[PDB]
Number of protein chains: 2
Amino acid sequence: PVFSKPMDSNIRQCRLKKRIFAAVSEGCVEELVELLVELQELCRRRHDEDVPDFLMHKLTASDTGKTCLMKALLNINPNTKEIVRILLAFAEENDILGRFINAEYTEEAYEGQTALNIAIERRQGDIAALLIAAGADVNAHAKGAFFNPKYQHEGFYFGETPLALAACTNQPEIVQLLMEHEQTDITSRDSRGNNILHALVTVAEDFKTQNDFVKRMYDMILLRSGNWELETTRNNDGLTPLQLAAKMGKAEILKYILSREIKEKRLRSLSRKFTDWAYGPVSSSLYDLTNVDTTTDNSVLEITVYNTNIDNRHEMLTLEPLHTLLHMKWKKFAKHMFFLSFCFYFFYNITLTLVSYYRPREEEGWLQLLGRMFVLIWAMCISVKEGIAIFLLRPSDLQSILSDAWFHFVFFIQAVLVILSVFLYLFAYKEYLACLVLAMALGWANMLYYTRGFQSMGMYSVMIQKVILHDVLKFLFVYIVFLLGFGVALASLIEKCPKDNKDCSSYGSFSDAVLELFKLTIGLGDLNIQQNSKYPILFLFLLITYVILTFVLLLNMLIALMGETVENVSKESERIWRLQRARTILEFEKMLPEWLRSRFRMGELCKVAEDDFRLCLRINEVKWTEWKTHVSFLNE
Amino acid sequence: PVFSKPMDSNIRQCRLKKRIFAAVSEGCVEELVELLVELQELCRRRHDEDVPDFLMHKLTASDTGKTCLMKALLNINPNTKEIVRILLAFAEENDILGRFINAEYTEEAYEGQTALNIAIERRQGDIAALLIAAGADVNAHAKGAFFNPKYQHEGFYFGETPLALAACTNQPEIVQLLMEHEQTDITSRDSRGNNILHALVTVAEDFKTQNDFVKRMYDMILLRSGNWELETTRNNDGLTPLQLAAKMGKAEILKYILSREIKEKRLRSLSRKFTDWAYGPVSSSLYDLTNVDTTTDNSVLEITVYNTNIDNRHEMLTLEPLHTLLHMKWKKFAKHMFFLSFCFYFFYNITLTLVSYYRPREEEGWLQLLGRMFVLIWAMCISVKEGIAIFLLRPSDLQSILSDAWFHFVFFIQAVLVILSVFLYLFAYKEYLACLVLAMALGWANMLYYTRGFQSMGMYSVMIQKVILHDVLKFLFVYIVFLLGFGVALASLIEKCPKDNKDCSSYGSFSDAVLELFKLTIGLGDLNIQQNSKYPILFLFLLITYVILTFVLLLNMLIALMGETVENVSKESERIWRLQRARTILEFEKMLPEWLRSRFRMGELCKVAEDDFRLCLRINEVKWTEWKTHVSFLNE
Ligand SMILES: CCCCCCCC/C=C/CCCCCCCC(=O)O[C@@H](COC(=O)CCCCCCCCCCCCCCC)COP(=O)([O-])OCC[N+](C)(C)C
Ligand SMILES: CCCCCCCC/C=C/CCCCCCCC(=O)O[C@@H](COC(=O)CCCCCCCCCCCCCCC)COP(=O)([O-])OCC[N+](C)(C)C
Ligand SMILES: CCCCCCCC/C=C/CCCCCCCC(=O)O[C@@H](COC(=O)CCCCCCCCCCCCCCC)COP(=O)([O-])OCC[N+](C)(C)C
Ligand SMILES: CCCCCCCC/C=C/CCCCCCCC(=O)O[C@@H](COC(=O)CCCCCCCCCCCCCCC)COP(=O)([O-])OCC[N+](C)(C)C
Ligand SMILES: CCCCCCCC/C=C/CCCCCCCC(=O)O[C@@H](COC(=O)CCCCCCCCCCCCCCC)COP(=O)([O-])OCC[N+](C)(C)C
Ligand SMILES: CCCCCCCC/C=C/CCCCCCCC(=O)O[C@@H](COC(=O)CCCCCCCCCCCCCCC)COP(=O)([O-])OCC[N+](C)(C)C
Ligand SMILES: CCCCCCCC/C=C\CCCCCCCC(=O)O[C@@H](COC(=O)CCCCCCCCCCCCCCC)COP(=O)([O-])OCC[N+](C)(C)C
Ligand SMILES: CCCCCCCC/C=C\CCCCCCCC(=O)O[C@@H](COC(=O)CCCCCCCCCCCCCCC)COP(=O)([O-])OCC[N+](C)(C)C
Ligand SMILES: CCCCCCCC/C=C\CCCCCCCC(=O)O[C@@H](COC(=O)CCCCCCCCCCCCCCC)COP(=O)([O-])OCC[N+](C)(C)C
Ligand SMILES: CCCCCCCC/C=C\CCCCCCCC(=O)O[C@@H](COC(=O)CCCCCCCCCCCCCCC)COP(=O)([O-])OCC[N+](C)(C)C
Ligand SMILES: CCCCC/C=C\C/C=C\C/C=C/C/C=C\CCCC(=O)O
Ligand SMILES: CCCCC/C=C\C/C=C\C/C=C/C/C=C\CCCC(=O)O
Ligand SMILES: NCCOB(c1ccccc1)c1ccccc1
Ligand SMILES: NCCOB(c1ccccc1)c1ccccc1
Ligand SMILES: NCCOB(c1ccccc1)c1ccccc1
Ligand SMILES: NCCOB(c1ccccc1)c1ccccc1
Ligand code: NA
């Protein structure tokens, strides 16, 4: 990144004020005392009306706003605490201690950063305790391009508050010192709208390491708060800390929140998992479904399934209510809607076939009327439905067209070519055969959409798409190099044939020469040596050189590259069809009306505590492997 | 190796002097005292004019120059220190202690080795302290074929000085004893021109192990020197210890020197990295660019990119100023010069194509004149530019023609065949078509040079070259064995055909028989059994035997060997295009004039200290992963 002005500067890029910053940096105590006396006497020699203002302009930098207190804290030495006790005592007789401890940068990239923001970051618990006990602001919002970047490489976002700075830098002794302070606003929201619990989700990691202080900071702040105000708070985008963990793909944080159970009464009401009974490996629990089920707009189940930015959707959709809601919707409507979508579309491809095969060749019942009117209606049903999904779609397709958004185009292109064949055949035109045949060939080719979501057949549609997009299209630029180079080369040697006998040279034009050289590449060629040219040996040299390069080397090079794609999909094949069915379920739920979706709703009302009635889900879990390993070491 | 004379010898390959060497070896003290009295009395029985000379010829070997003091130190026993104290006291009454402790080998392979060179190597800190306190030379240069070899298997190079012997054999207690000695010349240069810091680079290793004493010896000697005299010293080849680490490929040493930062004032001026400010994971530093940027002749960036001898160029070009200078040159001129080199060469291949396809067949505008004159100029621009690069190139091509120096020939051969086609077409000749077509086919084939340096397309040009050079050409000697063996075999059975009907046997000659047997190998053949010979079954046996060997076994054996090459390049594919672009940048910088290269220069003048103004580079680094692991264990 770049900021065009440093935070601290001690190297110059090629007199009372400049010596004070050169005294608080190295740690010269006896020099700093002699310099402050020279500035204490320099207040009254010309005026006594402006004492509190003139004392501040000689201790602050006029370009950044950095004070002499900030300069001592940016440069940590073992003589640091002695400098702070002198500078805070110097503002006592001048009565300027109120504005000296609450100063901030006036520069646009570090605006709002105070001396308390530096002392907590340098791990100075004794110095930060002296500032708060003197009048430092515990609610100072450090804005700016450095503290509020646009990406995670152009600064450092922690939450803009001193409570979020100690929480993100693993310092719980300062968090306990700030939460006991009665002027600290815990539920404060920064420029992003994030509170103390949104900012911990942002700095969290995606997987489980050895030390997880973010989960420890999440539990410590939430239980000492003792309310739901931090959890129901939404951002400027309208996201809770539960929904933010699903958006950014933090599976360890999303697992902890969504099965949080507190056994202690006076603290039990802050739970989302409620175990009813347990007997060995069998447990029965109640799970909160407040923002999880798809009854609100931006629900957690809708985020995780449609989150193409992240890599761990299979880890997050295996979690504790998310796998059961996804399974119960399949056994109620989504298996029925997938079977009928197969049946109405397989009947649609047969009717396209039997009107394309039995077309009126030269001369130009109730079941025949039932067939052709079904073609005109079902093609308009797809072109409206798939046309909305393309319009409601963003142009950054590198992550959505993996297996998902590729089918939204080919069902739409096939539906338009059926409709375009109607306008051509009826009016006056003969180009209907060019549109009806290509729609029928693409119509049968779209039957591989119904192989998706199954353990045995789900990986075949991914193998076809990933070979075309990642192996074949990047290999056309290697092969057209040799197809167009040798194509003009062999066509230039062919002499103009004497008048008759058009089968005297197959390479007699550039359009001819590309055809046979494509046949030598795939192996349907002919090494003809008749070939009436003035250079028979030179034609025979470039013809065999083409066969060795394309057929022997470049053809088997592509097969070795396509074979690496097939084995990579086959290793991930158990994770593919589980994510294919998960998107198929939620698209079928959006096709349902409101009166029918209300019958399909899961959940029952519970009595958690006094004035607490939330929507639950009873999930009977049995864990044999986790039980046998648990019992074994209690009696080793 | 071989030296034809040993250092120490105790085994004979099938009388006062020979008993002394047989006394200092085993450790006989009471025998050695009785032998020295017999030699003390043998000085005066025939002359008293030559006492200091005659006392030395009976204690030294006349063939090697080895003394009795060296013989006791080569044979370490627990009775070693008692022998040294007697022999050094024996030279006191004879007043020959000055030449007895400073003696050396007169043999050509061990010349200059003294008793101090042996005592430090055998780990004798007490014996080496007694020699220096008696008058031993601390600046004795041990030359010779053993101590100055030509390769790293024909001797032991350490630096030829006793200070470099204790530094390379991990003995810092003797290094501290030598650097406090006021006659020790630290900045001494041996026969190679190496000083104390060049010799540590030579004995260093390429990667990071558990114990790195070479980096510890580099830091200990440099900080106690306290000057830049050891760093600015160049060899006989003109290399600093910074440039020697880039030449020999020591990435651990080159990383330590190029980000050396000393926080301590009185020692800060020996730094090359200067951290300006740090706030969490974000750091801003200034890097020294004295011999790093390409403004001097033998710069570190020019060495590492063009160092085909080493295997770790990707590890060294990732380092701390080397990755930023390589990235800033791409975003200023090298991306523009690569795009226009694509555009002027793609226009050049079209104009060659449209004059080769539309040639005057039988009978023999301003845009047509603009095209053909562009061919005559652009072919002369390549033939001059690529002709210099072949002339300035060494004949040891096994490491430069991997992906790099192969393109310097094929752009040159293509440019000459365009020029050769002009002299043939204009004068009187008809062989212009044999040169224009082969230049046009090779001209389109050189378009894969512009796929280099990209993450998606950079590995394809390496896969084509490595399959030809390492799989195909070593398999021709396997296949011509079977092509020439069966080719004469099947042509010898073919009887001379009765007069007419030339299509009676396709194997009627050796030139004919190689053609169809090449077609059976690739799979375009015919198992014809008509074949008018006197041995129809014996012809049919050798024909099917050829198909099973070549098409079934030897063809798929090559495909299995080519497939191992493709998967090895595909695993290294992220390291290939980063090294392809790095050579493309520095070749474009050499094409720039001096006035335009001065505008593209990076760096600003800094004030490091008093009388210290060097060229810097501000690099804003952010390290999220290295910060989250660092904070986690400080508050575990
Ligand atoms: C303009 C357009 C408008 C469109 C109108 C639509 C909009 C309005 C829609 C309204 C619909 C209303 C909702 C549906 C409610 C029905 C309830 C039901 O029975 O569902 C059931 C399915 O029932 C079945 O019979 C499934 C049959 C087997 C399917 C096999 C999948 C393969 C499909 C072909 C692929 C071949 C692959 C080969 C290669 C290609 C649910 O499943 P289950 O059986 O209950 O689960 C068993 C568990 N249990 C019994 C314990 C509970
Ligand atoms: C997944 C998808 C896989 C498959 C998709 C692949 C699809 C590929 C399909 C290919 C089929 C090709 C059909 C050709 C049709 C005729 C063309 C023509 O007119 O040529 C004419 C000139 O011929 C020349 O001289 C060629 C010169 C072209 C210049 C090349 C620049 C662009 C190439 C960029 C590449 C470099 C990039 C480098 C990057 C590394 C010859 O004309 P004619 O034939 O003799 O006509 C007879 C005239 N008559 C009819 C009146 C008698
Ligand atoms: C890359 C891996 C390499 C190894 C693996 C190989 C497999 C992959 C390789 C793929 C490379 C593709 C090479 C195709 C060769 C075309 C031949 C040709 O020129 O056509 C004809 C020209 O016809 C025309 O005049 C109009 C052009 C129509 C050509 C359409 C062909 C398919 C296009 C793309 C299909 C997309 C499919 C996508 C499926 C995923 C032949 O000419 P003619 O009619 O005989 O001459 C008439 C005479 N005249 C001169 C008087 C005019
Ligand atoms: C090793 C892997 C094995 C398995 C994989 C296989 C792939 C790799 C294998 C490679 C092996 C190569 C075998 C080629 C077969 C030659 C056929 C021949 O003899 O030509 C002709 C002779 O014509 C002549 O008389 C002049 C010679 C021209 C030959 C040029 C062929 C290409 C040369 C090298 C190209 C370099 C390309 C390099 C690309 C990287 C045929 O003879 P005829 O004209 O029909 O007879 C005339 C009649 N007469 C008897 C009266 C005279
Ligand atoms: C006799 C012979 C004499 C020869 C005369 C020459 C000698 C004298 C020469 C003198 C030249 C002087 C130096 C150049 C100064 C220009 C400045 C510039 O804009 O550079 C810029 C290029 O900007 C572009 O225009 C790049 C366009 C895209 C290139 C894509 C690469 C693919 C190229 C084809 C591959 C196809 C592969 C397909 C398969 C093959 C630098 O990049 P950038 O944009 O700045 O980077 C963005 C960063 N920034 C904007 C934030 C800063
Ligand atoms: C990457 C590159 C890949 C591709 C490149 C590969 C390129 C290969 C290309 C190959 C094409 C070959 C074309 C042949 C041209 C004619 C030759 C000839 O005249 O033969 C004659 C004798 O025939 C014999 O008897 C052969 C004996 C040769 C001795 C071999 C020793 C050296 C081989 C060392 C090997 C062992 C080493 C062992 C180590 C393991 C027959 O002549 P004719 O045919 O009857 O002519 C008709 C005469 N007339 C015209 C007047 C009528
Ligand atoms: C998986 C769930 C299944 C979903 C529903 C699927 C069920 C679909 C079932 C029926 C769909 C058809 C209804 C469309 C009505 C119009 C038909 C038409 O075009 O007329 C044709 C009549 O038909 C024939 O005679 C064709 C005979 C070959 C059909 C092959 C059987 C396979 C498809 C069928 C069975 C598939 C069974 C699938 C499994 C049940 C014209 O034929 P003609 O007599 O020659 O007329 C003369 C025309 N001429 C003058 C130009 C020559
Ligand atoms: C891949 C794209 C580039 C293709 C190669 C381009 C590079 C070439 C670079 C330099 C070549 C320069 C010399 C050739 C010019 C004269 C040729 C000639 O006149 O033909 C002669 C022989 O015909 C032949 O068989 C010639 C063989 C071609 C030479 C290829 C070099 C070997 C490289 C192999 C590597 C394999 C290729 C690369 C694989 C890695 C004439 O025979 P004729 O026809 O019977 O005519 C009779 C009339 N006349 C005698 C009066 C004339
Ligand atoms: C990526 C950056 C691009 C860099 C610049 C690339 C731009 C290059 C643009 C133009 C290059 C041409 C300039 C050379 C001028 C001489 C041409 C010539 O020989 O005359 C030919 C005229 O031309 C034709 O009529 C040929 C038509 C087929 C061309 C196919 C288009 C692809 C290449 C072009 C477009 C590529 C576009 C690429 C993308 C922009 C001869 O044809 P004729 O009428 O039959 O004459 C009769 C002769 N006869 C009597 C013997 C038969
Ligand atoms: C690889 C390079 C070397 C190739 C093998 C060399 C080694 C051979 C070593 C020893 C062979 C010694 C005996 C052969 C001599 C007489 C043959 C004969 O006369 O033909 C007879 C039959 O023709 C046949 O089919 C015979 C089979 C060929 C013999 C191969 C041995 C089996 C090895 C298998 C291993 C596979 C090979 C190796 C694969 C690993 C006659 O039939 P005719 O033709 O119709 O003529 C009729 C007229 N007449 C009856 C009057 C005659
Ligand atoms: C507006 C039309 C533009 C031109 C049309 C371009 C693309 C659509 C046409 C074909 C694309 C798909 C072809 C089907 C072939 C293989 C995929 C099998 C289905 C699967 O993946 O399992
Ligand atoms: C003086 C001439 C001597 C004879 C010529 C010998 C060799 C040069 C000719 C051809 C070599 C290159 C051919 C191109 C074919 C495949 C490589 C693709 C480009 C790449 O590598 O990606
Ligand atoms: N057979 C249980 C596999 O789990 B399922 C699953 C697991 C992880 C991610 C997505 C889904 C599942 C499959 C179909 C319907 C509901 C859930
Ligand atoms: N919207 C018109 C057809 O939509 B359906 C559909 C079309 C293509 C892919 C998937 C579904 C459909 C959905 C449920 C039952 C029957 C058909
Ligand atoms: N995109 C960062 C990859 O690093 B680059 C790189 C890394 C190691 C070796 C060589 C280069 C790089 C790539 C292009 C220009 C400059 C540097
Ligand atoms: N020297 C004549 C052609 O050189 B250029 C060139 C040609 C082939 C490969 C690499 C470079 C060139 C360089 C920059 C811009 C345009 C062309
Ligand atoms: Na394999």
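Every chain is numbered from 1, with letters handed out A, B, ... down the list of sequences. Just the heavy atoms: all of them, side chains too, but no hydrogens, waters or symmetry mates, feed the values below. Note that ligands are numbered from 1 as they come in the structure, with each ligand's atoms numbered from 1 the same way.
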Is the closest heavy atom of A/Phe477 to ligand 5 under 4.0 Å? no
Do A/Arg581 and A/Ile576 have side chains that get closer than 4.5 Å, going by heavy atoms? no
Answer yes when [X] and [Y] have at least one side-chain N-carboxylate O distance shorter than 4.0 Å, and no when they do not.
{"X": "A/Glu587", "Y": "A/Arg583", "value": "no"}
{"X": "B/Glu364", "Y": "B/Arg359", "value": "no"}
{"X": "A/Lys496", "Y": "B/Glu362", "value": "no"}
{"X": "B/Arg601", "Y": "B/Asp293", "value": "yes"}

Would [atom] count as contacted, meaning some protein heavy atom under 4.0 Å?
{"atom": "atom 4 (C) of ligand 5", "answer": "no"}
{"atom": "atom 30 (C) of ligand 5", "answer": "yes"}
{"atom": "atom 49 (N) of ligand 5", "answer": "no"}
{"atom": "atom 37 (C) of ligand 5", "answer": "yes"}

Could you tell me whether the side chain of B/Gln414 and the main chain of B/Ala439 form a donor-acceptor pair under 3.5 Å? yes
Counting distance only, does the side-chain N/O of A/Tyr546 pair as donor-acceptor with the main-chain N or O of A/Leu517 below 3.5 Å? yes
How far is [atom] from the closest protein heavy atom, and which atom is that?
{"atom": "atom 10 (C) of ligand 5", "result": "B/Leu596 CD2, 4.1 Å"}
{"atom": "atom 6 (C) of ligand 5", "result": "B/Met337 CE, 4.6 Å"}
{"atom": "atom 21 (C) of ligand 5", "result": "B/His336 CB, 4.1 Å"}
{"atom": "atom 11 (C) of ligand 14", "result": "A/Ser341 OG, 3.3 Å"}
{"atom": "atom 44 (O) of ligand 5", "result": "B/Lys335 CD, 4.3 Å"}
{"atom": "atom 27 (C) of ligand 5", "result": "B/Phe339 CG, 4.3 Å"}
{"atom": "atom 9 (C) of ligand 14", "result": "A/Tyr449 CE2, 3.8 Å"}
{"atom": "atom 1 (C) of ligand 5", "result": "B/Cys381 SG, 4.1 Å"}
{"atom": "atom 15 (C) of ligand 5", "result": "B/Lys332 O, 3.7 Å"}
{"atom": "atom 35 (C) of ligand 5", "result": "B/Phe338 CE2, 3.7 Å"}
{"atom": "atom 2 (C) of ligand 14", "result": "A/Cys381 O, 3.6 Å"}
{"atom": "atom 14 (C) of ligand 14", "result": "A/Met337 O, 3.8 Å"}

Heavy-atom proximity to atom 3 (C) of ligand 14, best of A/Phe588, A/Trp378, A/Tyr348, A/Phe344: A/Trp378
Chi angles and distances behind the side-chain contact (heavy atoms from CB on, under 4.5 Å) call for B/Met602, B/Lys332: CA-CA 11 Å; B/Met602 297 80 172; B/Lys332 288 182 181 180; 3.8 Å; yes
A/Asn532 versus A/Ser505, side-chain donor and acceptor atoms under 3.5 Å: no
For a side-chain contact (heavy atoms from CB on, under 4.5 Å) check, start with the C-alpha distance between B/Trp378 and B/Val418, then their side-chain angles and the critical distance, and finish with the verdict. CA-CA 10 Å; B/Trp378 187 259; B/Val418 174; over 6 Å; no
Could you list which atoms of ligand 14 come closer than 4.0 Å to a heavy atom of A/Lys385? 1 (N)
Counting from 1 in the order shown, the ligand 14 atoms closer than 4.0 Å to a non-hydrogen atom of A/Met591 are 13 (C)
Going by the angle between their ring planes, with limits at 30° and 60°, are [X] and [Y] parallel, tilted or perpendicular?
{"X": "B/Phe338", "Y": "B/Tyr450", "answer": "tilted"}
{"X": "A/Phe411", "Y": "A/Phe407", "answer": "tilted"}
{"X": "B/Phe346", "Y": "B/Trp444", "answer": "perpendicular"}
{"X": "A/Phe539", "Y": "A/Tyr507", "answer": "perpendicular"}

Centroid separation under 6.0 Å, is that true for the rings of B/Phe374 and B/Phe347? yes
With a 4.0 Å heavy-atom cut-off (strictly under), which part of B/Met457 contacts ligand 5: side chain, backbone, both or neither? neither
Quick one: does ligand 5 sit under 4.0 Å from the side chain of B/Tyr450, the backbone, both or neither, non-hydrogen atoms only? both
Can you name the nearest heavy-atom pair linking A/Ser533 to A/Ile494, along with the distance? OG-CD1, 3.4 Å
The protein residues that pass the under-4.0 Å heavy-atom test against ligand 8 are A/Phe486, A/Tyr535, A/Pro536, A/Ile537, A/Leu538, A/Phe541, A/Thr545, B/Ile413, B/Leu417, B/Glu431, B/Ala434, B/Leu438, B/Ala441, B/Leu442
Worked check of side-chain contact (heavy atoms from CB on, under 4.5 Å) between B/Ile468 and B/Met562: CA-CA 9 Å; B/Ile468 294 170; B/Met562 291 185 288; over 6 Å; no
Quick one: pull up CZ in A/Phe486 and OG1 in A/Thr550 and give me the separation to the nearest 0.5 Å. 8.5 Å
Is there a polar contact, in the sense of an N or O pair closer than 3.5 Å, between B/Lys331 and ligand 5? yes
Heavy-atom contacts with B/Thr451 under 4.0 Å: which atoms of ligand 5 show up? List them by number with element. 39 (C), 40 (C)
